[PDB]
Protein chains: 4
Amino acid sequence: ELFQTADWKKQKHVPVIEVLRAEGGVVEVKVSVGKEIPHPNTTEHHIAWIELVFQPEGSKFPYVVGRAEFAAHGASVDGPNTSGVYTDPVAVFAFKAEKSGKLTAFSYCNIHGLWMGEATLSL
Amino acid sequence: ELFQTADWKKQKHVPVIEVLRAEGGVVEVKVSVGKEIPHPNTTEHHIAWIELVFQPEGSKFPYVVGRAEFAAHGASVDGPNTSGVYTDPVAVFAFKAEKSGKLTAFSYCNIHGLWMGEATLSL
Amino acid sequence: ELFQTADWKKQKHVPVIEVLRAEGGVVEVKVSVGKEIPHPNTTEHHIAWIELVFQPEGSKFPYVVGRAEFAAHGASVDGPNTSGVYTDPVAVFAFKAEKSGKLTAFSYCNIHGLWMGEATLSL
Amino acid sequence: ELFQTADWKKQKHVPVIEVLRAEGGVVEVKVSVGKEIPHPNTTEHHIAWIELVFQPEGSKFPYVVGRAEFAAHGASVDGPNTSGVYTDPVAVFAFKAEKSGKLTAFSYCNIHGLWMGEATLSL
Ligand SMILES: [Fe+2]
Ligand SMILES: [Fe+2]
Ligand SMILES: [Fe+2]
Ligand SMILES: [Fe+2]
C-alpha cells in the first residue's frame, strides 16, 4: 500500500486528525504531522502537503475538503537551510457539514512516501 | 492589473492577513477572504484558494510559505449545492522565521479574478 | 477503499496512463480521464486534478512526480457555463528516471470521488 | 511587484508560453521554464510550479486555466540528489476557449522568487 499507516504515538509520519469545534454549521478540523514526536523540516527532508477528505454518512462518494501545501524549507541562494523560513506540517480546515462521517487525511514526506490517517466526525 | 487590491472591511474579495502569534521564531498567520463582509460559497461562485508569500528583511527574493486550497462547494450527484459540504476560505499558516519581513496574500475567486493583501511581520 | 480502480458502465473515471517518451531516461507521461469517452466538464460537474506517482525499482518509498490542476469550468459573473473557458483533464509530466518502476496516477471528480490507475515504466 | 519579468533568451527563470493549437475553440498551451538556458533541478534549487492565467477579451475578470506542480527533485533516504527522479518544469494545458485573449503565466523558484511571462492567444 502506497498509503502507510502506523500508530501515531510511536510513528512520525502519520497525519493526526483532531476535531476542534462545531459552531453554527462550521466544523474545524486540525490535521498535523509529527504531533507527539516531531518530524524534520529541512531542505533535504520535509513534509510537503496534507490533504483532508470527508465522506458524510449518506454519501456514495467522499469529498475533498481541502489541501494544505507546505512550500518553504530553508532553501536560499546562500545554500540549503539558510533562508530561515520553515513551514510546519500543520493545517486547519473550516468547513460546513450537516451530517456525521469519516474524515481521511493524507500526507506526503519527500523521502518517506505517502501516509494516511482516519477519524470520525459526529454531528 | 491582475491582482485587485482594496479595503477589506469594504470589499468581500480582499484576503485578510492576521498574525496570530509571532514570538521567538514561532509564527502563526491567519488568512481569510470575506472577514467583514462574507463572500458567497456556492458551486457557481466561491473562493478557491489562498497563497501566502513571505519576504524576510535581508532577502532579495520572496518565499512562498504555503497554499490552501478550498475544494468542497456543495456539488453532488443530486445536483449543485446539495451536499452540505462547503469549505470556508480561511487558512492558518504555522511557520518559523528568523527575521521580520513583509507578508503578501493572494486569492482566487472563480468568477471575480485574483486578489491581494499585504501585512508586516514583527518578531 | 477510497480510491476506486474499476470504471463504471457508460462513465469513464479511471485515469489512463500513456508513455509518450522513454528515451534513455528522458520520460514523458500523459494522463487523461475520459480520453475516448469524454467526461463532462461543467461548473457543476468536472474533474479537478490528477496526481502522478512513480516508484523506482530499488526504492522503498514512492515519489510524487507532479500534480496538474484544472481550474476553469465555465463559471463567470454571467452564471454557470457562460465564460467559455474549460480546462480539459489531461496532463503531461516530464521527468527523468534512471530506473524502471511503477506509475500510479490519482484523480478526483468533484461529485464522483477519488480514482486510481496504474502502469509500469520500463527503461 | 513580486513577479519578476525578463527576456527569456537571456534569463532562465522566465516562463515561456507556446501556443501549440488554437483551432475552432480548442486551445493547447505549452508553458515551460528554461527553454533557452536550462534551470537546475536539484534538491536545493528548483522550479516548483507553473500557473496559467487567461483573460478572454470580453471578460471583466481573468480566469486561472490551471496549475502544474513539479514535485520530485532527487531527494531520497540516501540524501539529496540521490533518487534519480527529477521533474522537469514543463507543462501542457489543454482547454476550451470561445474567444481570443491574453495569457499570463506565473512560475516559482524556491530560492529565486516569482516569475511572469505573457503571450496572446488568437483563435
Ligand atoms: Fe520523513
Ligand atoms: Fe467572487
Ligand atoms: Fe464525475
Ligand atoms: Fe532559480
Side-chain angles (χ1 to χ4, degrees), chain A residues 15 17-32 49-54 63-72 87-98 103 105 121 123, chain B residues 3-22 27-43 45-54 64-74 83-95 103-119 121, chain C residues 71, chain D residues 64:
Chain A
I17 307 176
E18 303 173 26
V19 178
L20 304 183
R21 295 174 224 279
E23 187 183 359
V26 179
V27 177
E28 294 185 17
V29 168
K30 208 186 74 193
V31 194
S32 70
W49 53 259
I50 288 178
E51 205 175 15
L52 183 64
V53 171
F54 176 57
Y63 306 110
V64 174
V65 173
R67 185 177 185 266
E69 280 167 23
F70 317 106
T87 305
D88 314 25
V90 50
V92 182
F93 284 111
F95 59 101
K96 295 166 202 167
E98 291 173 21
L103 295 163
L121 179 66
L123 295 180
Chain B
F3 293 98
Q4 329 181 28
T5 192
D7 179 12
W8 64 273
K9 282 186 171 182
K10 187 189 295 182
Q11 168 63 246
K12 307 179 301 172
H13 288 98
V14 172
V16 182
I17 296 175
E18 297 170 17
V19 173
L20 299 180
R21 183 181 300 177
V27 177
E28 293 184 14
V29 173
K30 182 159 177 254
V31 189
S32 68
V33 174
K35 179 177 174 293
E36 185 66 15
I37 308 158
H39 185 282
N41 195 332
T42 67
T43 305
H45 180 199
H46 52 243
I47 312 297
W49 51 258
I50 285 177
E51 207 173 18
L52 183 60
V53 169
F54 174 59
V64 168
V65 168
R67 171 183 165 90
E69 286 170 27
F70 319 114
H73 312 286
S83 81
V85 188
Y86 301 73
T87 305
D88 290 9
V90 56
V92 172
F93 294 107
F95 66 99
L103 293 166
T104 303
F106 297 122
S107 60
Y108 181 56
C109 176
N110 74 337
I111 75 180
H112 290 115
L114 292 152
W115 293 80
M116 182 197 70
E118 283 172 276
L121 175 61
Chain D
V64 172

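Worth knowing before you read on, the calculation uses all heavy atoms, side chains too, and leaves out hydrogens, waters and symmetry mates. Reminder, nothing fancy here: chain letters follow the sequence lines and each chain counts from 1.
Tested against B:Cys109, the residues B:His13, B:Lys12, B:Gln4 include a single side chain to side chain contact (heavy atoms under 4.5 Å, CB included) partner, B:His13.
Ring centers of B:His45 and B:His39: under 6.0 Å apart, within the cut-off. Proximity of the aromatic rings of A:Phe54 and A:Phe93 is defined here by a centroid distance below 6.0 angstrom, and this criterion is not met.
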**Report entry** Check against side chain to side chain contact (heavy atoms under 4.5 Å, CB included), B:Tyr86 and B:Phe70
**Finding:** CA-CA 8 Å; B:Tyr86 301 73; B:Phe70 319 114; over 6 Å; no
Query - side chain to side chain contact (heavy atoms under 4.5 Å, CB included) between B:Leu103 and B:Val19, intermediate numbers included - result: CA-CA 10 Å; B:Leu103 293 166; B:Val19 173; 3.9 Å; yes
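Atoms CG and CH2, on B:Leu114 and B:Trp49 in that order, are 5.5 Å from each other to the nearest 0.5 Å. Between the NE2 atom of B:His73 and the OG1 atom of B:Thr43 there is a distance of 8.0 Å, given to the nearest 0.5 Å. Atoms CH2 and CD1, from B:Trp115 and B:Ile47 in turn, are 9.0 Å apart once rounded to the nearest 0.5 Å. Once rounded to the nearest 0.5 Å, the distance linking CD1 of B:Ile17 with OG1 of B:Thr104 reads 6.5 Å.
The two atoms that bring A:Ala105 and A:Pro15 nearest to each other are O-CG, 3.5 Å, heavy atoms only. The two residues A:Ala22 and A:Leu123 make their nearest non-hydrogen contact at CB-CD2, 4.1 Å. Between A:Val27 and A:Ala97, the shortest heavy-atom contact is CG2-CB, 4.2 Å. Minimum heavy-atom separation, B:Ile50 to B:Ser107: CG1-CB, 4.3 Å. For D:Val64 against B:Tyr108, the heavy-atom pair with the smallest separation is N-OH, 3.2 Å. What you find for B:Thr87 and B:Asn41 is that their closest heavy atoms are O-ND2, 2.6 Å.
A salt bridge links B:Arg67 with B:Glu69: at least one charged nitrogen is closer than 4.0 Å to a carboxylate oxygen.
Residues forming a side-chain hydrogen bond (donor to acceptor under 3.5 Å, both in side chains) with B:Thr42 (at least two apart in sequence, or on another chain): B:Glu44. Applying the side-chain hydrogen bond (donor to acceptor under 3.5 Å, both in side chains) test to B:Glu51 and every residue at least two apart in sequence or in another chain returns nothing.
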Cut-off 3.5 Å, no hydrogens considered: what does the side-chain donor-acceptor table look like for residues 30-38 of chain B, sequence neighbours left out?
none

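With hydrogens and angles ignored, the 3.5 Å screen pairs no side-chain donor or acceptor of B:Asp88 with any backbone N or O of B:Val90.
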